[PDB]
């Protein structure tokens, strides 16, 4: 028995029907691929080292390397998709909406997506110290982040032809559960 309430990603993953097929677009170190063992997840990340770390940490994990937008995931094949803290790294509104649409394209008609981004309510375009191994030395550089304001993520979803099912706030992040729009 767990006593603490589940965080939203764990909650969402545990709510998936048994034997659902899912995609983790920007899986990072595979942190969430093991939350629900009744479920089959294909994880991807743009980072070759993060994926490797994901694989080493659990070789049962199914992880691949690909861009989050121009990805390797077949359209409309998946029961669910998670995108946790990845699309706030794209620096044009155009490419942020593209990323959302990519997430949506992944889904079966009844498929659902969780998208999770840094909130402004923590200027929206910022620089954040970030560690990067280069020639064996861990340098500290700056990487781009877009902080999201209220309803901005639902806007990006609706503009992508998605439907917003639920919205919340958690630990300085905006999240949305969304699905394809009843069109498509």
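Positions refer to the first chain, counted from 1.
Count the deposited residues lacking coordinates between residue 122 and residue 123 and you get 10 or more of them.
Looking at mean Cα B-factors across 54-62 and 141-149, the upper value is held by 54-62. Remark: residue 19 belongs to the middle third of its chain, ranked by C-alpha B-factor as recorded. Ranked against the other modelled residues of its chain, the C-alpha B-factor of residue 75 as given in the entry falls in the middle third. Sorting the modelled residues of the chain by their CA temperature factor places residue 133 in the highest third.
Per the deposited record, the Cα B-factor of residue 163 falls in the middle third when ranked against the other modelled residues of its chain.
Per the PDB record, residue ranking by Cα B-factor puts residue 157 in the highest third of the chain.
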